[PDB]
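Structure data follow from my_file_27.tsv (TSV, C-alpha atoms and all ligand atoms):
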```tsv
chain	number	residue	atom	x	y	z
L	1	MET	CA	-2.97	30.65	-22.78
L	2	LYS	CA	-4.91	33.80	-21.89
L	3	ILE	CA	-8.39	33.59	-20.37
L	4	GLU	CA	-10.82	35.24	-22.79
L	5	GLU	CA	-14.50	36.21	-22.82
L	6	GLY	CA	-16.37	33.87	-25.16
L	7	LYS	CA	-14.14	30.76	-24.76
L	8	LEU	CA	-13.74	28.28	-21.89
L	9	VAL	CA	-10.42	26.95	-20.52
L	10	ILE	CA	-10.66	23.92	-18.20
L	11	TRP	CA	-7.84	22.43	-16.07
L	12	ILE	CA	-8.02	18.84	-14.80
L	13	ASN	CA	-5.38	16.44	-13.53
L	14	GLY	CA	-3.49	14.20	-15.98
L	15	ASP	CA	-4.81	10.98	-14.43
L	16	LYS	CA	-8.47	11.90	-15.15
L	17	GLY	CA	-10.53	11.58	-18.32
L	18	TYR	CA	-9.56	14.84	-20.01
L	19	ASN	CA	-10.34	13.44	-23.47
L	20	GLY	CA	-13.84	12.44	-22.37
L	21	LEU	CA	-14.23	15.91	-20.90
L	22	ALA	CA	-13.07	17.45	-24.20
L	23	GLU	CA	-15.89	15.54	-25.93
L	24	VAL	CA	-18.39	17.25	-23.61
L	25	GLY	CA	-16.70	20.50	-24.56
L	26	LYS	CA	-17.24	19.63	-28.22
L	27	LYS	CA	-21.00	19.18	-27.64
L	28	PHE	CA	-21.08	22.50	-25.79
L	29	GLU	CA	-19.39	24.18	-28.74
L	30	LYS	CA	-21.85	22.56	-31.15
L	31	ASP	CA	-24.78	24.01	-29.20
L	32	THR	CA	-23.37	27.39	-28.18
L	33	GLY	CA	-20.50	28.27	-30.50
L	34	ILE	CA	-18.18	28.46	-27.46
L	35	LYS	CA	-14.85	26.68	-27.82
L	36	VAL	CA	-13.81	24.63	-24.75
L	37	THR	CA	-10.10	23.83	-24.29
L	38	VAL	CA	-9.20	21.16	-21.73
L	39	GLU	CA	-5.65	21.16	-20.33
L	40	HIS	CA	-3.90	18.95	-17.77
L	41	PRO	CA	-0.82	20.93	-16.69
L	42	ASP	CA	1.60	19.55	-14.15
L	43	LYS	CA	1.16	20.74	-10.56
L	44	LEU	CA	-2.03	22.53	-11.59
L	45	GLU	CA	-3.25	22.61	-7.97
L	46	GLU	CA	-0.15	24.69	-7.09
L	47	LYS	CA	-0.16	26.96	-10.16
L	48	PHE	CA	-3.80	28.07	-9.92
L	49	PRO	CA	-3.44	31.00	-7.44
L	50	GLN	CA	-0.87	32.89	-9.56
L	51	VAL	CA	-2.48	32.44	-12.96
L	52	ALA	CA	-5.92	33.45	-11.66
L	53	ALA	CA	-4.48	36.90	-10.91
L	54	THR	CA	-2.24	37.18	-13.94
L	55	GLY	CA	-4.99	36.12	-16.37
L	56	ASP	CA	-3.27	32.93	-17.66
L	57	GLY	CA	-5.42	30.40	-15.84
L	58	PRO	CA	-8.56	28.35	-16.37
L	59	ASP	CA	-12.16	29.43	-16.21
L	60	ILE	CA	-12.86	26.09	-14.50
L	61	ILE	CA	-10.51	24.06	-12.30
L	62	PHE	CA	-10.94	20.38	-11.39
L	63	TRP	CA	-9.39	18.93	-8.24
L	64	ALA	CA	-10.38	16.94	-5.19
L	65	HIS	CA	-12.29	19.20	-2.82
L	66	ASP	CA	-9.58	19.25	-0.12
L	67	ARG	CA	-7.68	22.01	-1.99
L	68	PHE	CA	-10.62	24.36	-2.35
L	69	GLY	CA	-10.80	25.97	1.11
L	70	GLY	CA	-7.33	27.44	0.61
L	71	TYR	CA	-8.47	28.71	-2.79
L	72	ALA	CA	-11.60	30.27	-1.28
L	73	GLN	CA	-9.55	31.83	1.51
L	74	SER	CA	-7.53	33.62	-1.17
L	75	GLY	CA	-10.76	34.73	-3.01
L	76	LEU	CA	-10.08	32.56	-6.04
L	77	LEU	CA	-13.46	30.79	-6.37
L	78	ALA	CA	-16.80	32.09	-7.54
L	79	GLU	CA	-19.66	31.28	-5.20
L	80	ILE	CA	-21.85	28.49	-6.62
L	81	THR	CA	-25.61	29.06	-6.25
L	82	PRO	CA	-27.61	26.33	-7.98
L	83	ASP	CA	-31.39	26.37	-7.93
L	84	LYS	CA	-32.98	23.78	-5.67
L	85	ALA	CA	-34.00	21.68	-8.69
L	86	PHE	CA	-30.35	21.29	-9.67
L	87	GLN	CA	-29.08	20.91	-6.10
L	88	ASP	CA	-31.51	18.05	-5.59
L	89	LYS	CA	-29.93	16.21	-8.50
L	90	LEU	CA	-26.69	15.60	-6.52
L	91	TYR	CA	-26.16	13.76	-3.20
L	92	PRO	CA	-26.21	16.18	-0.21
L	93	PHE	CA	-22.93	14.79	1.16
L	94	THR	CA	-21.14	15.83	-2.03
L	95	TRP	CA	-22.44	19.41	-1.74
L	96	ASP	CA	-21.20	19.28	1.88
L	97	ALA	CA	-17.65	18.60	0.72
L	98	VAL	CA	-17.65	21.80	-1.38
L	99	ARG	CA	-19.16	24.09	1.29
L	100	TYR	CA	-16.73	26.55	2.88
L	101	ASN	CA	-17.68	29.18	5.49
L	102	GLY	CA	-21.31	28.99	4.46
L	103	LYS	CA	-20.85	29.20	0.67
L	104	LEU	CA	-20.79	26.51	-1.99
L	105	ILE	CA	-17.44	27.04	-3.72
L	106	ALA	CA	-17.53	24.34	-6.43
L	107	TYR	CA	-19.66	21.75	-8.17
L	108	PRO	CA	-19.09	18.20	-6.89
L	109	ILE	CA	-18.46	15.67	-9.66
L	110	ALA	CA	-17.58	12.29	-8.17
L	111	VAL	CA	-16.55	10.51	-4.95
L	112	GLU	CA	-13.05	8.94	-5.03
L	113	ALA	CA	-11.66	6.33	-2.63
L	114	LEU	CA	-8.66	4.02	-2.89
L	115	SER	CA	-9.29	0.28	-3.07
L	116	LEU	CA	-7.17	-2.86	-3.13
L	117	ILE	CA	-6.82	-3.98	-6.76
L	118	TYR	CA	-5.64	-7.57	-7.25
L	119	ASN	CA	-4.73	-9.95	-10.07
L	120	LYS	CA	-7.27	-12.78	-9.90
L	121	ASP	CA	-5.03	-15.16	-11.82
L	122	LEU	CA	-2.01	-14.66	-9.53
L	123	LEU	CA	-4.08	-14.28	-6.37
L	124	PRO	CA	-7.66	-15.59	-6.37
L	125	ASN	CA	-8.02	-15.06	-2.58
L	126	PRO	CA	-6.30	-11.78	-1.69
L	127	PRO	CA	-5.20	-11.13	1.92
L	128	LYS	CA	-7.68	-9.54	4.31
L	129	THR	CA	-4.88	-8.04	6.46
L	130	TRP	CA	-1.66	-6.08	6.14
L	131	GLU	CA	-0.03	-8.59	8.49
L	132	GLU	CA	-0.53	-11.35	5.90
L	133	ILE	CA	1.36	-9.51	3.13
L	134	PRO	CA	5.01	-10.38	4.09
L	135	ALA	CA	4.48	-14.15	3.83
L	136	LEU	CA	2.42	-13.72	0.68
L	137	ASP	CA	5.23	-11.68	-0.88
L	138	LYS	CA	7.74	-14.37	0.10
L	139	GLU	CA	5.73	-17.04	-1.75
L	140	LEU	CA	5.28	-14.83	-4.81
L	141	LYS	CA	8.98	-13.92	-4.84
L	142	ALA	CA	9.79	-17.63	-5.36
L	143	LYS	CA	7.75	-17.30	-8.59
L	144	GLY	CA	9.52	-14.12	-9.68
L	145	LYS	CA	6.50	-11.99	-8.67
L	146	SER	CA	5.73	-9.57	-5.83
L	147	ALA	CA	2.71	-9.15	-3.56
L	148	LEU	CA	2.05	-5.42	-3.61
L	149	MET	CA	3.21	-2.23	-5.32
L	150	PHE	CA	1.68	1.23	-4.97
L	151	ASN	CA	2.80	4.85	-5.18
L	152	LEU	CA	4.98	5.59	-2.09
L	153	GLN	CA	5.75	9.16	-3.20
L	154	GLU	CA	2.28	10.66	-2.62
L	155	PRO	CA	1.03	10.43	0.98
L	156	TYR	CA	-2.51	9.96	-0.33
L	157	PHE	CA	-1.72	6.28	-0.96
L	158	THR	CA	-0.11	5.55	2.45
L	159	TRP	CA	-2.66	7.48	4.54
L	160	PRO	CA	-5.24	4.60	4.66
L	161	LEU	CA	-2.67	2.51	6.61
L	162	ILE	CA	-1.51	5.39	8.85
L	163	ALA	CA	-5.14	6.15	9.72
L	164	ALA	CA	-6.15	2.50	10.32
L	165	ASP	CA	-5.00	2.27	13.95
L	166	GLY	CA	-5.65	5.92	14.82
L	167	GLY	CA	-3.81	8.54	12.76
L	168	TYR	CA	-5.85	11.57	11.73
L	169	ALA	CA	-5.31	14.99	10.16
L	170	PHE	CA	-7.34	17.42	12.28
L	171	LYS	CA	-9.67	16.38	15.08
L	172	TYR	CA	-13.30	16.75	14.10
L	173	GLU	CA	-15.79	17.57	16.86
L	174	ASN	CA	-19.24	19.20	16.66
L	175	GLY	CA	-19.04	20.08	13.00
L	176	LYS	CA	-15.66	21.85	13.40
L	177	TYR	CA	-12.03	20.91	12.77
L	178	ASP	CA	-9.70	21.80	15.64
L	179	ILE	CA	-6.67	23.02	13.71
L	180	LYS	CA	-4.59	22.70	16.90
L	181	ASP	CA	-5.36	18.97	17.32
L	182	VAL	CA	-3.31	17.06	14.71
L	183	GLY	CA	-3.01	13.29	14.73
L	184	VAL	CA	-0.02	12.46	12.55
L	185	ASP	CA	2.40	11.34	15.34
L	186	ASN	CA	0.01	9.55	17.69
L	187	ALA	CA	0.43	5.82	18.42
L	188	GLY	CA	-1.97	4.83	15.64
L	189	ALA	CA	-0.11	6.85	13.02
L	190	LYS	CA	3.27	5.54	14.21
L	191	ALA	CA	2.11	1.91	14.14
L	192	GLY	CA	0.80	2.14	10.57
L	193	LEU	CA	3.90	3.77	9.10
L	194	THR	CA	6.17	1.46	11.12
L	195	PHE	CA	4.46	-1.49	9.47
L	196	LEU	CA	5.00	0.06	6.04
L	197	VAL	CA	8.64	0.84	6.74
L	198	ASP	CA	9.12	-2.73	8.07
L	199	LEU	CA	7.78	-4.10	4.77
L	200	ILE	CA	10.45	-2.04	3.03
L	201	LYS	CA	13.17	-3.10	5.46
L	202	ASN	CA	12.32	-6.73	4.77
L	203	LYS	CA	12.39	-6.14	0.98
L	204	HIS	CA	8.66	-6.74	0.52
L	205	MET	CA	8.37	-3.26	-1.01
L	206	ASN	CA	10.77	-0.73	-2.53
L	207	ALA	CA	10.93	2.82	-1.14
L	208	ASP	CA	11.36	4.21	-4.69
L	209	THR	CA	8.08	2.91	-6.13
L	210	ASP	CA	5.96	5.71	-7.61
L	211	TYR	CA	2.71	5.90	-9.56
L	212	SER	CA	4.22	4.92	-12.96
L	213	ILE	CA	6.28	2.05	-11.57
L	214	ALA	CA	3.41	0.52	-9.62
L	215	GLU	CA	0.89	0.92	-12.49
L	216	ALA	CA	3.37	-0.64	-14.94
L	217	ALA	CA	4.18	-3.57	-12.63
L	218	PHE	CA	0.53	-4.40	-11.94
L	219	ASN	CA	-0.64	-3.96	-15.53
L	220	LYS	CA	2.20	-6.21	-16.77
L	221	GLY	CA	1.31	-8.98	-14.32
L	222	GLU	CA	4.49	-8.57	-12.26
L	223	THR	CA	2.90	-7.75	-8.86
L	224	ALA	CA	-0.26	-9.36	-7.50
L	225	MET	CA	-1.79	-6.21	-5.97
L	226	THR	CA	-1.85	-2.44	-6.16
L	227	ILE	CA	-3.64	0.36	-4.32
L	228	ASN	CA	-5.32	2.90	-6.56
L	229	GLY	CA	-8.46	4.78	-7.42
L	230	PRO	CA	-11.17	4.34	-10.07
L	231	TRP	CA	-9.29	6.41	-12.67
L	232	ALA	CA	-6.68	3.63	-12.97
L	233	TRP	CA	-9.22	0.94	-14.01
L	234	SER	CA	-9.24	1.79	-17.73
L	235	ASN	CA	-5.50	1.27	-18.16
L	236	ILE	CA	-6.02	-2.07	-16.42
L	237	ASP	CA	-8.83	-2.91	-18.84
L	238	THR	CA	-6.49	-2.27	-21.78
L	239	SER	CA	-3.84	-4.58	-20.34
L	240	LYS	CA	-6.50	-7.34	-19.88
L	241	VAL	CA	-5.04	-8.45	-16.58
L	242	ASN	CA	-7.89	-10.30	-14.89
L	243	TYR	CA	-8.42	-8.02	-11.85
L	244	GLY	CA	-10.77	-7.41	-8.95
L	245	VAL	CA	-11.40	-4.38	-6.76
L	246	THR	CA	-11.89	-5.06	-3.05
L	247	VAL	CA	-11.74	-3.79	0.53
L	248	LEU	CA	-8.32	-2.55	1.66
L	249	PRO	CA	-6.41	-4.75	4.13
L	250	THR	CA	-7.02	-4.35	7.86
L	251	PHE	CA	-4.27	-3.51	10.35
L	252	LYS	CA	-4.38	-4.60	14.00
L	253	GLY	CA	-7.86	-5.85	13.16
L	254	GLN	CA	-9.02	-2.38	12.03
L	255	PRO	CA	-10.10	-1.30	8.55
L	256	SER	CA	-7.80	0.84	6.44
L	257	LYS	CA	-9.26	4.37	6.35
L	258	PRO	CA	-8.58	6.12	3.02
L	259	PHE	CA	-9.08	9.86	2.83
L	260	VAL	CA	-12.10	10.29	0.51
L	261	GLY	CA	-11.92	13.00	-2.15
L	262	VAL	CA	-14.78	14.62	-4.08
L	263	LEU	CA	-13.51	15.57	-7.54
L	264	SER	CA	-15.04	19.02	-7.86
L	265	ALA	CA	-15.23	21.81	-10.49
L	266	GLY	CA	-14.50	25.32	-9.25
L	267	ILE	CA	-15.05	28.54	-11.23
L	268	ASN	CA	-12.25	31.08	-11.23
L	269	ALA	CA	-13.62	34.13	-9.41
L	270	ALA	CA	-11.96	36.32	-12.03
L	271	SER	CA	-13.28	34.39	-15.07
L	272	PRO	CA	-15.08	36.63	-17.59
L	273	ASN	CA	-17.16	33.52	-18.39
L	274	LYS	CA	-18.83	32.64	-15.07
L	275	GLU	CA	-22.31	32.14	-16.58
L	276	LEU	CA	-20.99	30.08	-19.49
L	277	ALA	CA	-19.07	27.98	-16.96
L	278	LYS	CA	-22.23	27.36	-14.94
L	279	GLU	CA	-24.08	26.67	-18.18
L	280	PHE	CA	-21.49	24.07	-19.23
L	281	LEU	CA	-21.24	22.40	-15.83
L	282	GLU	CA	-24.95	22.27	-14.94
L	283	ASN	CA	-26.40	21.48	-18.37
L	284	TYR	CA	-23.63	19.56	-20.17
L	285	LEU	CA	-21.21	17.94	-17.71
L	286	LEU	CA	-23.46	17.08	-14.74
L	287	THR	CA	-25.84	14.98	-16.86
L	288	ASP	CA	-25.95	11.25	-17.54
L	289	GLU	CA	-24.52	11.85	-21.02
L	290	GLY	CA	-21.78	14.24	-19.95
L	291	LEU	CA	-20.52	12.11	-17.10
L	292	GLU	CA	-20.70	8.93	-19.24
L	293	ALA	CA	-18.35	10.55	-21.79
L	294	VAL	CA	-15.80	11.30	-19.07
L	295	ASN	CA	-16.41	7.98	-17.28
L	296	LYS	CA	-15.84	6.00	-20.50
L	297	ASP	CA	-12.45	7.73	-20.81
L	298	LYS	CA	-11.23	7.30	-17.18
L	299	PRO	CA	-13.72	5.99	-14.58
L	300	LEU	CA	-14.83	8.76	-12.22
L	301	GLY	CA	-15.86	6.64	-9.24
L	302	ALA	CA	-19.17	7.18	-7.43
L	303	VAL	CA	-20.49	10.19	-9.30
L	304	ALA	CA	-22.31	12.93	-7.45
L	305	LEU	CA	-25.24	12.85	-9.94
L	306	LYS	CA	-27.97	10.60	-8.52
L	307	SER	CA	-29.47	9.43	-11.82
L	308	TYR	CA	-26.16	8.21	-13.21
L	309	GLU	CA	-24.82	6.84	-9.88
L	310	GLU	CA	-27.89	4.61	-9.59
L	311	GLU	CA	-26.51	2.83	-12.68
L	312	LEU	CA	-22.85	2.92	-11.61
L	313	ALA	CA	-23.67	1.54	-8.14
L	314	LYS	CA	-24.42	-1.87	-9.66
L	315	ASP	CA	-20.76	-2.35	-10.67
L	316	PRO	CA	-18.95	-4.35	-7.94
L	317	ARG	CA	-15.86	-2.16	-8.45
L	318	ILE	CA	-18.00	0.83	-7.46
L	319	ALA	CA	-19.51	-0.94	-4.47
L	320	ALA	CA	-15.96	-1.77	-3.32
L	321	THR	CA	-15.06	1.89	-3.78
L	322	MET	CA	-17.94	2.96	-1.53
L	323	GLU	CA	-17.24	0.34	1.12
L	324	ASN	CA	-13.66	1.63	1.39
L	325	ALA	CA	-15.02	5.18	1.38
L	326	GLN	CA	-17.40	4.37	4.21
L	327	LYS	CA	-14.54	2.94	6.27
L	328	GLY	CA	-12.46	6.06	5.56
L	329	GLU	CA	-13.34	9.71	6.00
L	330	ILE	CA	-14.14	12.68	3.81
L	331	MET	CA	-11.11	14.96	3.61
L	332	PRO	CA	-11.38	18.39	5.23
L	333	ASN	CA	-11.38	21.28	2.79
L	334	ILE	CA	-9.91	23.78	5.30
L	335	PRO	CA	-6.87	25.85	4.19
L	336	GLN	CA	-4.51	23.92	6.55
L	337	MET	CA	-4.81	20.83	4.30
L	338	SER	CA	-1.96	22.08	2.08
L	339	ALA	CA	0.52	22.09	4.95
L	340	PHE	CA	-0.86	18.78	6.20
L	341	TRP	CA	-0.20	17.07	2.86
L	342	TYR	CA	3.26	18.62	2.35
L	343	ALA	CA	4.47	17.69	5.84
L	344	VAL	CA	3.12	14.13	5.65
L	345	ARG	CA	4.64	13.74	2.16
L	346	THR	CA	8.06	14.49	3.64
L	347	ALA	CA	7.48	12.21	6.62
L	348	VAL	CA	6.51	9.18	4.52
L	349	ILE	CA	9.35	9.68	2.01
L	350	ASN	CA	11.96	10.14	4.80
L	351	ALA	CA	10.76	7.17	6.86
L	352	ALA	CA	10.58	4.92	3.80
L	353	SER	CA	14.06	6.00	2.68
L	354	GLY	CA	15.58	5.58	6.14
L	355	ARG	CA	16.63	9.24	6.11
L	356	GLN	CA	14.74	9.42	9.42
L	357	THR	CA	13.19	6.99	11.85
L	358	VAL	CA	9.39	6.65	11.67
L	359	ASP	CA	9.14	8.32	15.07
L	360	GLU	CA	11.27	11.33	14.14
L	361	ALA	CA	9.64	11.70	10.70
L	362	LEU	CA	6.14	11.82	12.16
L	363	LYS	CA	7.17	13.99	15.11
L	364	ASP	CA	8.66	16.59	12.78
L	365	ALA	CA	5.57	16.46	10.55
L	366	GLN	CA	3.27	16.82	13.57
L	367	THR	CA	5.26	19.84	14.74
L	368	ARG	CA	5.31	21.56	11.32
L	369	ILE	CA	1.56	21.10	10.81
L	370	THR	CA	0.72	22.25	14.35
L	371	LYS	CA	3.02	25.28	14.33
L	372	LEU	CA	1.67	26.31	10.90
L	373	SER	CA	-1.97	26.15	12.11
Q	401	LIG	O1	-0.79	12.90	-1.89
Q	401	LIG	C1	-1.36	14.11	-1.39
Q	401	LIG	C2	-2.54	14.53	-2.33
Q	401	LIG	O2	-3.61	13.61	-2.18
Q	401	LIG	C3	-4.81	13.89	-2.88
Q	401	LIG	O3	-4.53	13.90	-4.27
Q	401	LIG	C4	-5.00	12.72	-4.86
Q	401	LIG	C5	-6.32	13.08	-5.62
Q	401	LIG	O4	-7.42	13.18	-4.74
Q	401	LIG	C6	-6.65	12.03	-6.67
Q	401	LIG	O5	-7.81	12.39	-7.42
Q	401	LIG	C7	-5.37	12.07	-7.48
Q	401	LIG	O6	-5.52	11.68	-8.79
Q	401	LIG	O7	-4.37	11.35	-6.74
Q	401	LIG	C8	-3.87	12.28	-5.81
Q	401	LIG	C9	-2.60	11.76	-5.11
Q	401	LIG	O8	-1.54	11.90	-6.06
Q	401	LIG	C10	-5.35	15.26	-2.54
Q	401	LIG	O9	-6.51	15.52	-3.33
Q	401	LIG	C11	-4.25	16.29	-2.80
Q	401	LIG	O10	-4.66	17.61	-2.50
Q	401	LIG	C12	-3.01	15.93	-1.97
Q	401	LIG	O11	-2.00	16.87	-2.31
Q	402	CL	CL	-18.60	34.97	-6.39
Q	403	CL	CL	-7.15	-13.24	3.56
```
Render the structure in this file as structure tokens.
Ligand SMILES: OC[C@H]1O[C@H](O[C@H]2[C@H](O)[C@@H](O)[C@H](O)O[C@@H]2CO)[C@H](O)[C@@H](O)[C@@H]1O
Ligand SMILES: [Cl-]
Ligand SMILES: [Cl-]
Amino acid sequence: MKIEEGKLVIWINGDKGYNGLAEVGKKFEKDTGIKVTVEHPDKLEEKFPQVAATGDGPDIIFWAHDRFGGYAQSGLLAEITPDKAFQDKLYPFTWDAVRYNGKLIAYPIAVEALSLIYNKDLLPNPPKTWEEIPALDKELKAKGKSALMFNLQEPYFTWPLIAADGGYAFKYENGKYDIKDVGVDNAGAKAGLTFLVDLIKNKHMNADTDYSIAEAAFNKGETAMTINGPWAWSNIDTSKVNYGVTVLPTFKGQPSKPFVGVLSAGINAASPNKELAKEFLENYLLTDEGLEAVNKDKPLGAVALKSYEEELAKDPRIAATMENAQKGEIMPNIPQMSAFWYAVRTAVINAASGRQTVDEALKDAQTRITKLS
């Protein structure tokens, strides 16, 4: 689909509320005459650089903020310059996540953090620790159930455990990330992934489990727990599993530390519709009504808009989200995050499969990330 003056094309990931977003687009069109088309292509975060230059891309792109520094480095993102009245409507820490080399490069939408989701009927008192999960699984196995299933194919979901005892991406000191100081093969990182691989070795998890398999198992009442973000809650509502949302398990006494993402809306620097895009985002999406439409489709998490978040904060699933966020850390947005995620993806998949030892998988990932910085 070709970008065109007088229409808006929006890209957002397939696990988000694109139908709720399309409803906001319908209100925009009712007021302005401007058609808004929402798409959720596969690997949209990887396709965006090419199509921006060829003309086949979106006016507006949604992703977690960690991807946006690499986009800005390549010139792909229009600078965002809201008036103070609008800026004041969103939490300052969300604007911080979309600031890159002194410019705002997107609008923040909502704060995402993984939580432990658990079946209250199978497991009224979920474990506080990772160490408790093997024996819990053993008991559940004798009932033809399992303790825990989550996506092992995306490193996003395993990172809270790796980080718990000391793993980190890039060392952060005095407001700057030291791209030479990577923490993916330190003792903390090794201990977390070793624990995960030992679960697999002892048949308390399966190396092959992905997003679909874990969501299906939890929503069919086959596993007592999953790890996932707020977007998953609506499919769980539909299944009417009785579920809670709670703090992630500790490891070696330390909290799991999920990498926190700010879902953000960037404007294609080459869009012929930059003003319309700002008009849509500031006056239609980032309002109580616009976010509620999306949120009702797939829950956004802790939205960046203060007025609406004051309502959402009363939901215990949102408070659990923010507690896990506070124990974790905001992702960097620096361009090196792409290589970080690719290298750690390989390391988790190879360690979990037994293709490599934990120590060699993380050492190779550490080396790749460092040499590429
Ligand atoms: O697994 C590496 C990717 O992790 C995050 O992607 C998250 C994203 O924040 C969340 O909204 C989405 O729905 O789940 C994915 C994991 O599949 C980073 O935002 C990505 O840049 C990383 O590639
Ligand atoms: Cl610009
Ligand atoms: Cl417990």
Counting only C-alpha atoms and all ligand atoms, which residues of chain L fall within 10 Å of ligand LIG 401 (chain Q), and what is the closest atom pair for each with its distance in Å at one decimal, ordered by chain and rising number, as a tab-separated table?
```
residue	atom	partner	partner_atom	distance
L:12	CA	Q:LIG401	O6	9.7
L:13	CA	Q:LIG401	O6	6.7
L:14	CA	Q:LIG401	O6	7.9
L:15	CA	Q:LIG401	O6	5.7
L:16	CA	Q:LIG401	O6	7.0
L:43	CA	Q:LIG401	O11	9.6
L:45	CA	Q:LIG401	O10	7.5
L:46	CA	Q:LIG401	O11	9.4
L:62	CA	Q:LIG401	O5	9.5
L:63	CA	Q:LIG401	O9	6.6
L:64	CA	Q:LIG401	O9	4.5
L:65	CA	Q:LIG401	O9	6.9
L:66	CA	Q:LIG401	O10	5.7
L:67	CA	Q:LIG401	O10	5.4
L:68	CA	Q:LIG401	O10	9.0
L:110	CA	Q:LIG401	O5	9.8
L:111	CA	Q:LIG401	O5	9.3
L:112	CA	Q:LIG401	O5	6.7
L:113	CA	Q:LIG401	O4	8.3
L:114	CA	Q:LIG401	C6	9.1
L:151	CA	Q:LIG401	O8	8.3
L:152	CA	Q:LIG401	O1	9.3
L:153	CA	Q:LIG401	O1	7.6
L:154	CA	Q:LIG401	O1	3.9
L:155	CA	Q:LIG401	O1	4.2
L:156	CA	Q:LIG401	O1	3.7
L:157	CA	Q:LIG401	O1	6.7
L:158	CA	Q:LIG401	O1	8.6
L:159	CA	Q:LIG401	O1	8.6
L:210	CA	Q:LIG401	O8	9.8
L:211	CA	Q:LIG401	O8	8.1
L:228	CA	Q:LIG401	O7	8.5
L:229	CA	Q:LIG401	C6	7.5
L:230	CA	Q:LIG401	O5	9.1
L:231	CA	Q:LIG401	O6	7.6
L:232	CA	Q:LIG401	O6	9.1
L:259	CA	Q:LIG401	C3	8.2
L:260	CA	Q:LIG401	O4	7.6
L:261	CA	Q:LIG401	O4	5.2
L:262	CA	Q:LIG401	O4	7.5
L:263	CA	Q:LIG401	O5	6.5
L:264	CA	Q:LIG401	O5	9.8
L:300	CA	Q:LIG401	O5	9.2
L:331	CA	Q:LIG401	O9	8.3
L:333	CA	Q:LIG401	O10	9.3
L:337	CA	Q:LIG401	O10	7.5
L:338	CA	Q:LIG401	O11	6.8
L:339	CA	Q:LIG401	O11	9.3
L:340	CA	Q:LIG401	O11	8.8
L:341	CA	Q:LIG401	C1	5.3
L:342	CA	Q:LIG401	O11	7.2
L:343	CA	Q:LIG401	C1	10.0
L:344	CA	Q:LIG401	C1	8.3
L:345	CA	Q:LIG401	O1	6.8
```
List all protein, DNA and RNA residues that have any atom at most 8 Å from ligand CL 403 (chain Q), counting all atoms listed in the file, and write the list as a ChimeraX atom specification. /L:125-129,132
Which residues form the shell of 8 Å around ligand CL 402 (chain Q) when you count all atoms listed in the file, given as a count of residues only? 5
Measuring between all atoms listed in the file, which one of L:130, L:150, L:71, L:100 shows the shortest distance to residue 206 of chain L?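 Ranked by minimum distance to residue 206 of chain L, first place goes to L:150.
Counting all atoms listed in the file, the residue from L:54, L:364, L:142, L:234 that sits nearest to residue 295 of chain L is L:234.
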Can you pull out every residue within 12 Å of residue 274 of chain L, counting only C-alpha atoms, but drop anything in the same chain fewer than 2 positions away, and send it as a PyMOL selection string? chain L and resi 3-9+58-60+77-81+266-272+276-281
Using the structure just given, write a file holding C-alpha atoms for segment 131-156 of chain L, as a PDB file, in the first residue's frame.
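The resulting file, decode04.pdb, is reproduced below:
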```
ATOM      1  CA  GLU L 131      13.257 -22.136  43.132  1.00  0.00           C
ATOM      2  CA  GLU L 132       9.775 -23.305  44.199  1.00  0.00           C
ATOM      3  CA  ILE L 133       8.604 -24.029  40.634  1.00  0.00           C
ATOM      4  CA  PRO L 134      10.163 -27.541  40.093  1.00  0.00           C
ATOM      5  CA  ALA L 135       8.344 -29.117  43.047  1.00  0.00           C
ATOM      6  CA  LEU L 136       5.145 -27.290  42.154  1.00  0.00           C
ATOM      7  CA  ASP L 137       5.369 -28.636  38.594  1.00  0.00           C
ATOM      8  CA  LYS L 138       5.920 -32.148  39.952  1.00  0.00           C
ATOM      9  CA  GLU L 139       2.694 -31.969  41.989  1.00  0.00           C
ATOM     10  CA  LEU L 140       0.730 -30.533  39.065  1.00  0.00           C
ATOM     11  CA  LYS L 141       2.120 -33.173  36.686  1.00  0.00           C
ATOM     12  CA  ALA L 142       0.481 -35.865  38.870  1.00  0.00           C
ATOM     13  CA  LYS L 143      -2.820 -34.111  38.000  1.00  0.00           C
ATOM     14  CA  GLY L 144      -2.050 -33.944  34.282  1.00  0.00           C
ATOM     15  CA  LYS L 145      -1.211 -30.216  34.530  1.00  0.00           C
ATOM     16  CA  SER L 146       1.978 -28.142  34.414  1.00  0.00           C
ATOM     17  CA  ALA L 147       3.259 -25.268  36.552  1.00  0.00           C
ATOM     18  CA  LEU L 148       4.457 -22.722  34.019  1.00  0.00           C
ATOM     19  CA  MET L 149       4.506 -22.062  30.282  1.00  0.00           C
ATOM     20  CA  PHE L 150       5.702 -18.899  28.538  1.00  0.00           C
ATOM     21  CA  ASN L 151       7.226 -17.919  25.200  1.00  0.00           C
ATOM     22  CA  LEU L 152      10.846 -19.226  25.140  1.00  0.00           C
ATOM     23  CA  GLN L 153      11.465 -18.005  21.567  1.00  0.00           C
ATOM     24  CA  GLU L 154      11.544 -14.251  22.298  1.00  0.00           C
ATOM     25  CA  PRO L 155      14.259 -13.169  24.754  1.00  0.00           C
ATOM     26  CA  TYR L 156      11.905 -10.491  26.087  1.00  0.00           C
TER      27      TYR L 156
END
```
